[PDB]
Structures are given as structure tokens and as C-alpha cells.
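K.L.:
The structure follows.
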Amino acid sequence: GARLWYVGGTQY
Amino acid sequence: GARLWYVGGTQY
Amino acid sequence: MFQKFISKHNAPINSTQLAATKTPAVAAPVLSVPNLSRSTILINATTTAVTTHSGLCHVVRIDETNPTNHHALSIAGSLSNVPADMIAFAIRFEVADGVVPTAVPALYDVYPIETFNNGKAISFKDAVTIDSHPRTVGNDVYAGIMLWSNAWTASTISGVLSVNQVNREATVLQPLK
Amino acid sequence: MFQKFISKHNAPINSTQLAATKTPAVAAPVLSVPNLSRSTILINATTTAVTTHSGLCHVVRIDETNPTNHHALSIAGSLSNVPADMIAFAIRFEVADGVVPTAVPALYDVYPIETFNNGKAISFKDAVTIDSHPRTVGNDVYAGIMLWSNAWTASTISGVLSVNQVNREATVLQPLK
Amino acid sequence: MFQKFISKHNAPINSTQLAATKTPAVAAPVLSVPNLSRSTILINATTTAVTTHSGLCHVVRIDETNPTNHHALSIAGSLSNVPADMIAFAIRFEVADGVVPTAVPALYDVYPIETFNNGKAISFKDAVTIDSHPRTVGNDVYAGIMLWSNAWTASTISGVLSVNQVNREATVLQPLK
Amino acid sequence: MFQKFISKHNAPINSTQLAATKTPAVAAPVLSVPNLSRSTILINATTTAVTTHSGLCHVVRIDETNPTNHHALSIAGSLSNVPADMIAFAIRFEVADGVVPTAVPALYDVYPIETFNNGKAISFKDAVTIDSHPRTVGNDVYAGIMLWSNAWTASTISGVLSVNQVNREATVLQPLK
Amino acid sequence: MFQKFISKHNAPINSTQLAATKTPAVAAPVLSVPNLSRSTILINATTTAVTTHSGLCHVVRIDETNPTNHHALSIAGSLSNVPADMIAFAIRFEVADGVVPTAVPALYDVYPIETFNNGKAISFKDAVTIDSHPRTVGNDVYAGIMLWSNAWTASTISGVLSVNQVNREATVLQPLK
Amino acid sequence: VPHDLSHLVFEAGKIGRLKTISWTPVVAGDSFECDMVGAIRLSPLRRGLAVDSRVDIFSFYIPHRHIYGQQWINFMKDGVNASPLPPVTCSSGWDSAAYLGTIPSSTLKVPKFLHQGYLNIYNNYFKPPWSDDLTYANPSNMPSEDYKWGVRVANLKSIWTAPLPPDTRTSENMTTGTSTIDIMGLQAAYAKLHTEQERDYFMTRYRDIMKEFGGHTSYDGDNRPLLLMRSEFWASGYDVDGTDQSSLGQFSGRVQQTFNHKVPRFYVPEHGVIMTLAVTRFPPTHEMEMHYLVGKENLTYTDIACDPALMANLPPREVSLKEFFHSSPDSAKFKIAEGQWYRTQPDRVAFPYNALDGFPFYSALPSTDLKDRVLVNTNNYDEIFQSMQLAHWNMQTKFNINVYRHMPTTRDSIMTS
Amino acid sequence: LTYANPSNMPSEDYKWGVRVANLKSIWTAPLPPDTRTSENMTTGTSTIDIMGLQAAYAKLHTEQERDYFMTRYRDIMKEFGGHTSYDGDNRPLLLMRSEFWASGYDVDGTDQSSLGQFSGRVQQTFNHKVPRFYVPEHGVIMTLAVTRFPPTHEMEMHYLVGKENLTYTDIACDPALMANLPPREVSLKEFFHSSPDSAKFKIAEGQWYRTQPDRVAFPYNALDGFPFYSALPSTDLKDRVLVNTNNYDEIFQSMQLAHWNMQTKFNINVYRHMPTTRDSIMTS
């Protein structure tokens, strides 16, 4: 579904 | 592509 | 390193304490009352001195019921104050059926193994393949360990003895399975 | 030649130095405070002389939690100034639960192995398959090595002793893998 | 633990009691009349003292009929009042065909094994691969165990001895099959 | 019979002759300057008599570079004029990094094996699985054989000693491949 | 039980009787004239007493022709009236090429094994993996068994010795094939 | 003309660490294409296969200018007599540049663009985003294992493995008057916090705060290595059945995975290196993780009802490794989004397992510390393999590259002519 | 190889045969060692002959060609647009040539100790066909085999990464430059991680940009079973080109069948004008 994890950008 | 190795002839 | 999960003698899980003198002649007496397929005794054995090449035993009574004639009989002892002449060969004999031995008849078979004796102590762990059915109709068959030497002096030889009859396997826990 | 990567006794990676006298009676005391699944002690053991066929121990406390009733208990010693009567049979006993032994009760099981003693030194490396669950509800189960002989004199017997409870395997590096 | 179902010496199921003195010289006599492929004797051997490095035997007579030249000959003894010099190497020799030895000729082959002797007792269990056909047409081939030492004194050395010629296997009951 | 192509101790192909007295105290000295993964010394060792249960060593310096923490360390000796108390347990210790021992610190681990001593000679061949990485950052790790007994008298004990660190296998020629 | 069809020492099928005194110094002489890949001698060895930790040998001459550098060299002895100090380590040395040794140079390699000595008798059966090619161009390479101890007295030590160089296997008859 | 710069690669590394497997120096104006095809193997594991590992292969382009800055610019301008470009220094170990998939030259030094190049690729795409940059100067400055097997990459998103940014505000004060508040000031207060919150959660990167403006920033605006191609896959294999007396009923999982990666032709604007790195990881399955609702004792209306109004309107919730792991300290905290426990589900491993080596799971407890307990804890996989001198995983690939240039030629260079 | 008799050739040269050349790499096919890196034209003290210079270049050209490509008569001929019979230079005539890659499969160990261990089994079916051929004169037809592995060393480094300070000439790949300066003399040291600064060889400028070495992680260089070059090159040109066989001894288990063995059925068919079996034994 919708986004979940938020680190402050993109983490591979 | 083009030749590379040059020994002074043919080496098997 | 990997763990060795194979042994020559897989003693019953339980041991029966012995304590009882004996007179180890040729007609080698019986240490502890014979169990059924496995036991392990630690009978501070007391042994009247005997200079005549005879001896005292400890065997079990083999289970006579399997369509497989030949079974594996594994023994294993460690004894002290053992005359530094101790040889533990194994044995088998058939008494009449239903009868309880008090010592081996004149009629028994021997099977050598790997017994090592130092001075006052002896041990072993080997396997002998004996025939499981009564050689004669009306009798039963018994087998175990026998201590044999020249000079059997006034001494209490303590240690332990185990005998089993591979009727079944005892499989334990293997961590990678 | 290829390297043998299988052993009978895979001692813990670490050893705890012992040093403590003892009085090795029948009610065989306990050498070092029992650890949990493996230890290896090298307790220049000091041993008050005792002429009565009793003895002193060193076992660990087995881990009572695995749906597999039967586990493998491997021991291994090398001792000096050991009376040339030394027999190292193994053992197991269940004390009440949560209780810490200071010696084996009158109630314990024995399992023979392959102990070899010369004069003043003895070693071993064998495997015995014992039952891992408390035989009775409210207690725990302990197991290890026991030194047993006739005459236990005034001497400090140094050497080492290791006991493990194959709960898990310790697999090392194999160069062809 | 799993049961070891492999052995180095699988003695015949039956043993023949011996009792007969001997004079163990170089031209090493023969203990018991040679059987055919396996026997196991427990001849309280009586041995005239002999200080000259000679000795007395016990071998069987190999079966000379199999398109396979090389066979396996496994022996196994345990003896008492054995001079603490006892070496049991094995042997093989070919006498003329149909002839029954009463001792080994000057012509025999040796094959070392793993004999261990303490003081007054010795045992062994090993395997030697000898050649099964008569090296020469008109003769037969015999092989077994030989006791060899310096000083052979006035003593009756009892114990047992077994020799077999892996012609066939003896397969017993395996509980997981 | 087929040839056994598996061994417990695969000594380096080369041996370094030793000859150098030593004083075998607890702070057990070092026989020969430590090599790197395997050596085999035959140092008619000369040994100042010492009655205090201490001893002298011979180990190598383990190679600290393999993503596999646990390695196999196999030893093997045969010594003469060895006090009939000789126990060869193995060992491991970590000295600071780059430092060359001249004897074992107070801090070392032991691992029992199968040492057999008669009177004046002792041998062994076993395998112990030790942990290969420096237990602490700034140091290195060493391991080998240690001779330990009560009474160390005025005598030159010659024999040999080998220690290897199964980092790699040494595979020889197998005739059926 | 099934028959073990694997051995550590598969002696040649034939043995050469020895009889010849020797003087076992450091520059350890040679017992019997070196054969080629296997022999087995039973040289009632006569041994001038020598108190200096030197010794006498028996090796064969390795076959220098196989693209496989590392070969397996298996030995096996049983000796009497052997000083109860006997250590049989193995060995290898390269003499100039085509030359026949009469004893080992100052330059030889050692490889420990599993030698057991009691009092007056010693045996062994082990395997050592040596390098098969001449370490230097113009020479050949020899290897075998060496008896080493402190005190070598006036005595004839009889027994036997076998050495082989697994160049090829000797496969016998297996009854289930 | 096509320049075949193909070569074989024999690789190996740890589990959650980024490692360079290949690099090809490129010149300004050449086109680069590669076809990397091989097989990925894991060290032999102690039991049968249970869970597939996922593999990520990356190819990036980092121009030199990005690395030497103005120094490079001058170098190109100066031309033939430009001052040589100083390489970087390394640590005493043949395996001291490993992370750079190259053997440190004889003097234990290596290209800075290999080092910084690598540094730049991690600090921009792998390092957690609230986290601090790897400002390592030389490989002789990075931890032994960081440069042996490579720096630790981040665990696969879980609930506890992707906490809210630790610097995340759980409250915000507006200094008010003693007996009055400015209704208009309050409004403003909210506008500022918004801009702050966004930076905290999503725009920790310039290039990111830009994008939300509806603009774009060239990888040249923020000197970021350009991600050219990305392949991801799950490696598998088969079990091997033991068949001797003792190991009959025992198995060993063999992970053989054929993979392929294709970097489409690419136009190299300027001179630089193309780095190709690999990263092997397992899903963050811990043997002791508990469902938040089941680990936090008294359940309030807010925790159990999932009231939209509530979840959609209160501050992030600060929780401890203790409401998620069965023994874990009450003290190791992290900020979670309210109702996060209802958007997810942990994996569940029966206790019978936590005593078993051969399972690619997390045995040990987390790492009290945020960072460390996110970027994967490799070592907790050491017990899963048998023997290993080929690390945790090894790879054998044939890097089929093809570069189209305007090169001299082999005979015209050696032909003084 | 001006060996007179086989009793004159090295033991292993005549046991297993003389060493063939490694498969072309950068370091495994250096420029001819006698390759000129400069050429002087003796000039006057305060003048040069503009026309003499021109000529100087023409001669060096002819020299350079012989050095690099026409070390063989038959070769200096071909570049003249002519041809030379294998009878002009007494060269054995190459009738047929087959090349292939041998493979096999792994064998999975399954006992307690070697469960997770494998042994590669290389079984390769091959075939070779020598088309019918007309034998002009009496002679022998020799059929030889040569098995080789790509020259993968466990310690070869990328030239640019092994040579410390990078100049404009090394890193820019300026066409004008590469296309116009002398061959570059390098050492086993700009290519191998420990190798002596002293073992040199001549490479073509920008050669490092026309190629790429294979790369083997350090974790390997401590592992026997991999058909790679462990050891360091051989300081000497020759030796370090013609393959160093011995560095493969560690890759196999046991071997009394060398490194490789072959079982082939040579199906030959010769058409003659022969007597016959009965007409020769028939005095008649």
C-alpha cells in the first residue's frame, strides 16, 4: 500500500 | 576489436 | 571438530550397585543376578585368592526372540586391585530353558576382544557377534564378561562392568538434524 | 593425508584453573563448582590418602531443556601422581531442582568407558549417552567424571579434566570447503 | 549413540577348549590341531621355559579355492602369565599339499600388527592381508598367530586366541534395517 | 586391505633439530623458538630436576588471518627418559601483538587429549579445536604441547614433538584416483 | 559384524629374515640392506649397549617416479628385549643419487607417530605423509623406522619391522562384492 | 573503436557489508556497457536451506572532478605537465583495500577516487539518512573490517529496524505570554514546525528539499555518484542428503545462484571510474522479537482501538528495545509512529529454534544503540555456516564489458613512425 | 630449441613436453624485449641534415616492423605481398586445428565430515577432424595436445592502481600522446603487489586502457583447488610468459595420471596403392 518507513530520505 | 598483443609474429 | 556419534558400547541408561563377595573358580561363579538385555554393575567385588586359572563372571540373559540368529554383544569394564593378569574375554552358554545360572557350565564359547591391563586396573570396550538362538531346543542362552587370571588374591576389586545386547539402538540428539 | 575432523571430546574453548584440596570419600566430593554444559579443570588436585574404595568427582550440570531425552556426554582427563589404580567411569545423578551439589548422592548411575592408566598418569577420551531430563519432577540432573581407586594417598595429583554435553556442535574451518 | 557394526576380528561363533603343554622353540610348534578357516582356542597353554628367542604357534589352514589371490586374515588373543616380552606377529607358510603341520618350517612370512603387552597379559586385534593361493603347486598354505619372546619360563599361560580367514562375512541384526 | 588415508596429525614435511637445555617451571619455558604454523622438534631436551608440578613447552604461533574463528590444532610426541608421570595436555594463550614468548603466561587454556605413558616414553596424536582469533585486539595467539608432571629430574629426555595448525590440507597421492 | 577392510599398514606379502648384529649410534646404522618400496624384517637384532641417545634404523628406498610429490609411508614394528625407552619416530633423508646408505646422514626429517612401549616390547602402526621427490637434483630419497632411546644395552632384541610406500594399493577379496 | 575490457572476477565477502567487485577507469566521451554474469554461493551452511538471501548489485559512475575537485580541473587544463594526482594510503594487509576490490599497490597506496569514490557512494545511498558521513581520509583510517569486507549496509526495513529519526521532536513549545497567547503567532508556529518536520523525516538531503520545491538537481549540484544500474535478486540452491551411518537424516543447504546484471550502454561525460559493488543480506529475522501489543503490558484505548482521529493526530511514540524484545533493557529507546504496530507484523520464530545453529536468523539481542542496531550486525551469521575461509559468500563472474572510444591503436602507438 | 637428441632436452621438457606460451594478458605478452625505446641519429655539432633525418625515420621503420611483426622470413615476405611455401622455410605444415574448453560436474560429499564439500569432475568429450589430405612426399603426421588455463594470478593489480603518482599521460588517454611516444618500460612491480622494481618489460603506451586484468579477492590466495596463479611471476621475461605449469600442482588431489589424462580412438583412413597381404607373403 502506502509508504511506511521514514529515515529522512533513501537508505538502500 | 583491433589487434593488441605483438610478440613479433604468431605464438600459439 | 564434529562430534563422534558412534560407540562400541552403549550401556543401559541405569546402573545397579553391587556388593557381594565371590569365590572365582573355573566353574566361574556369577557376580550379579542376570538381568535381561543390559546391565552395568559396580560391585566392589571381593575375591577370595585363587591360584588355579579359573574365574568369576558377569553376563546378562539374552532375549531369544528375533528372526535374526546373530546379534551383537558389547561389553565394557574398568576394575581396580585387579591382578595385573586380568584378561577379559567374552562368553556365551546355553543352560536348560527357564533356568537361572549361578555360574557358567563346562560348556561355553569364547570370543577375544581388546582388553588392556596395567597394574591394578583394566578396561575394555569391544564388540562380539554371537548367535542369538538356543543352540538346543529346551534351553536358553546367556552371555557376558569374564575375568580370568592365574593368581586371584585376597582383595576387593572394585570397578564397574557393563554388558549389552544390541537388540535395539539408542539414538540421541544430534545438534545438526 | 587428509585431516581427521571428528573427535570424541570437543572441550570448551576455555579452561578454569583449579587449586583446591579435597577428601575423596565414597560420597565422592566435588572438585570444582559445577558449571553448566562444559568446563575443563586443571586442579593440581590435592588428595588426602583414603584406603576404602571411595572417591572425588568433577562433573557439570546438564542443561534440562530439549525435546530430545538422550544426549551425549563426552569427558577427557590426564592426571599425574594418580595411584596406578585409577578408573574413570562416568556418572549421572539427579539432585532436587535448583540445588547445587557438593558431592554425589548415594544415588547415581555409571557408564564405563576406555580409561588407561600406567603408573602415575591416566587419561581418557570417550562418549557416553545419558538421559537428559530430570528423572523426577522437582530435581535437576548432573553428570561428569569420577576418579575411583583403592588407596588414595597423600599426594597432589595434578592434571586436567574436561566434560562436555553435546548440546551443540562446534564446527571449525575445513580447508577444502 | 549409534552402534558400531564393524569389527577387525569376527571370531567363529564356537570355541574349542585346549589344554596341552608345549615346548615353544624357533621351529615354533603348533598349539592346537589346525582347523580350516577359523577357530578360537583357550588352551591354558603350558610352556617349558626357553631362553633362545623361538616360539609356539596357533594358526588355521586357509581354504585354497577362490579366484581372488589376496584374502584378509584377522587374529585376536588375550593371554596371562605371558612373559612381558610377548610379541604377536602373524604368519603364513606353505607346507607340501595334503600335509598337516606340527610346527612352522624355516620358511614363513611375517606381517606386523598392533600387539600390546603389559606385564603378564597381552591382547590384539588386527588385520593382515596375505596371499591365498599355494605359492607352489604341490603344497597348501597355513596362517595364524605366533607368540615370540626372549625368555619363555615354566609357567602355564592361559588365555585365548582366535584366527579367521575372511572368506565370508557374518552379518548380524541391525535394529534400524 | 585398502590404505587409510586419514590421519590426526599431518606433521610439516620438515623437522628442525633441537638441542638445548631448559628449566621446566610452572611458568613453563619454551623449548624451541616458535615457528608459524607447524614444526616438529627432536630436541634431546635436557631438563633440570623440578619437584613442584610446573613444566616446559613447545608450541607454534598460530596464523591470525581467516574469517573462520575456530581452527584445528593437532599435536604428536614421543619422548624418552620421560618421568613416568608425563601428561601432555595442549594449550593456547595470547601474548601482546608482535611479541615473541619465552614461556607461557599465567594465562592459558587447556584442552585434554589421549596421552599414553609407560615408563620412560610417551606419545600422542590427537586433535583439539581452539579459537583462532586474538581474544583481545592488540595481542597475538600461540598454541602447542606441554609436558607436565610432579618430579622433573636431572636427565636429558630426547624424543620428538610436532604441532600443526590445520590451516590447509596436505593431500597426497591415492593410487586409485 | 562387518569386516574392517581398511588398514594403516599393508605390509608386502613377503618377509626377509634378518640376523645381524649392529652398533646403534646417533649416525644410526642401517639394519637390513634397503629394498625398494616395502620390506618387513625380523632380525633378531643384536645391539651393543650405547648410553648416548643415538640409534639404529630400518628404512626402504622410495621410488622417485610419480608426478605426485607427496606419498604415504606406513611403518609397523613389534620388538622384544627393547629397552623400555623405545620411541619409533619415522624418517626421511636424501643421499646423493645412486648411492646406498649404510646409515642416516646428519640430515634427516622426523615425523612422530603412535608408538607404545611397555617394558620389553614395542609396536606401532601409523602413517606419515612425506615428500616423494629428491629435494635436490643429483640425489635419491630414503625413509623408514628408527629406534631411539637412552640406554642401548647388550642384548639381542628380536621382533619385526615393516615399512611400505603406498605407491599402489593391495586390494583383497571382499565377500559381498 | 570497441575496446573489450572483459575480465573474470573471483569474489568473497561478509553478509551486510558493501564491497567493490569491479571498477573500470573511463575516459571523457566513451560509451560503456557491461554484462556481468555469474553465480553467487554462500558458505556451506550447517543444516538444510531455510531462507533465501537477497542480493543487490550496483553500478555507479563517479567523475574524477567529483573526487579531486579544482585540482582535477587544473590538471586537465595544465595538460601534459600537470602535477601528478596523489594516490591515497592504505593499511598493511594484502587484504587492506578489499573494499575497493583491488590489491594495494606495492607501496600500500591506492587511487583517491577509488577511496573517496567508495566513500561518496556509501554516504549518499547506504548510510542511514540521519546518520553522519564517513569522512575517512585514507583507507588506513577506516576500521579493519570496514575495509576488509566493506562498511555495513542497513538492515531490511522492519518496525524496530527503521525507527523514526532519533532527533525527531516529540513536542514543540511556543513561548506564550503569561495570560494570553497570540492566535496569529500560534498559526505561524505551526508553519515553522512543518518545515522542520519535513526536513527531519524526508528532506535530510538538499537534493531532497529541492525536489519538494518541484525542481531538480544534477548529480553535479551535490556531487553524488550517479547510479547507472541496479540488480536485485534472491539467491537459492539445494540441500545435500548425508548418507553414512551417522549423518543419514542430516542435510546441508547448497546455495548456487546464477545471476546477471546489465548496465545499458552509457555515455561517459567526463573521465572517471565506474564502480560495481555487491551486498548480500538476510531479512532481519530475530529469534526473540515480540509483537508490540503483546510485549507492552497494560493496553489502553489508544493502543488497541486504532481510532483514526487519535493515530492521525498525536506525536511520535518513544519506545524501548523492551517493548519488542523479550529481555531487552527498558533504557534503549527509539521513536515510532503511533499505530505503527497496526501497519505491520514481525516474523515469528518458535523458541525451539533460538538454540539452533544453521538458521540465517538474528539470535543475539539488538544493539542498545540506534545506528548499530539498524545497519546490520553481520557477525550474528557466523554460526550459520560450517567452515569458511571464503567468508560468508563467494562469487565467480565474468564481467563482459564493451567500451567504444576513439583510441589510437596497438601498432600506431608502438610505431614511432 | 636446437636440441640435438632427446638426451639433450630437459627432463620435464621430454617427459611431458616443452612449455607452451600463456594466453595473452597485458603482462603475459610484453613487447619484444629488444624493442628500441629510442633511436639516435648522429648529427653535426650545429646543424642537422633535414633530409638525413627523413631517411633516419625510413630505416627505423623497417627495423621496428621486423621487431614487432616480421621476426620470420616468411613474415617479412608476406608484407611484401608475396608468399613462401612451407618448403621455402622448412616449416611443418599445419593441417588441422581444434580448440575447446573442457568441463565436467561437481561431486557432492555426503558423509558426516565432508557433507558441504565438493570435488569437480572434468569430463570433456571432444572430436577432431583432419580433412582428407594429399601427402606430397614421405613423412610423418604429428598430432599433439596442449592443455592450459587462462593466466589468472592471485596478486595482479591494475597498472594505474599499482603505479603511485598518476600523471596527465597515464590518466587522460590523450590520443595525440598515446599515438606518438616510445614503448614504456615497466616492472613486474607496477602489476604485482610485492614484485621487484627490477624485473622489467616493455608495454605500449596506453595499454592499460585497452585491457583489464582478472581480479581475485585475497580470500582466495590462501586456497588450494583453484586453477589460478598463486606464486609471483618469474623475474625473467621468457619463463614468465611460457606458462609456469608447476603452479597447478596444488589444484589437484592425488595424481599418478599427471594433471590431465585422455582416452581417444584415432580413426584414420589412408588410401594408397599397396601390394596386399597375400601378394607379399606369396613368393609366387
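By order of appearance in the C-alpha cells: chains A, B, ..., then residues from 1 within every chain, and ligands from 1 in the order shown.
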Check every residue of chain H for an atom within 12 Å of chain B, counting only C-alpha atoms, and provide those that qualify as an MDAnalysis selection string.
P.N.:
chainID H and resid 1:5 402:405 407:415
K.L.:
Near segment 121-137 of chain F, within 6 Å and counting only C-alpha atoms, which residues show up once chain neighbours fewer than 4 positions away are dropped, as a list in words?
P.N.:
residues 13 of chain D; 8, 64, 69, 70, 71, 72, 73, 74, 75, 76, 77, 78, 79, 80, 82, 113, 115, 116, 117 and 141 of chain F; 85 of chain G
K.L.:
Enter the distance from atom CA of residue 50 of chain E to atom CA of residue 142 of chain E, in Å, rounded to one decimal.
P.N.:
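Distance between the two atoms: 24.9 Å.
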K.L.:
Closest to residue 174 of chain E among C:162, C:118, C:68, C:155, using only C-alpha atoms?
P.N.:
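Closest to residue 174 of chain E, using only C-alpha atoms: C:68.
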K.L.:
Do you have the atom CA of residue 103 of chain C-atom CA of residue 27 of chain C distance handy?
P.N.:
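Separation of atom CA of residue 103 of chain C and atom CA of residue 27 of chain C: 6.3 Å.
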K.L.:
Residue 150 of chain I: which residues within 12 Å, counting only C-alpha atoms, same-chain residues fewer than 6 positions away excluded, as number ranges by chain?
P.N.:
H: 7-8; I: 21-25, 28, 101, 213-214, 226-229, 243-245, 248
K.L.:
Could you pull out the strand (DSSP E) residues of chain C from DSSP and send them as a count of residues only?
P.N.:
83
K.L.:
Which residues of segment 70-161 of chain D sit at most 10 Å from segment 156-159 of chain C, using only C-alpha atoms? Give each one's shortest atom pair and distance in Å (one decimal place), in chain and ascending residue order, as a tab-separated table.
P.N.:
```
residue	atom	partner	partner_atom	distance
D:85	CA	C:159	CA	9.9
D:86	CA	C:159	CA	9.7
D:87	CA	C:159	CA	7.2
D:88	CA	C:159	CA	9.2
D:89	CA	C:159	CA	8.3
D:112	CA	C:159	CA	9.2
D:148	CA	C:159	CA	7.8
D:149	CA	C:158	CA	7.6
D:150	CA	C:158	CA	7.8
```
K.L.:
Nearest to residue 216 of chain I: which of H:35, H:95, H:78, H:232 is it, counting only C-alpha atoms?
P.N.:
H:95
K.L.:
Between F:36, F:84, F:6, F:59, which one has atoms that come closest to residue 153 of chain F, using only C-alpha atoms?
P.N.:
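Checking each of F:36, F:84, F:6, F:59 against residue 153 of chain F, counting only C-alpha atoms, the winner is F:84.
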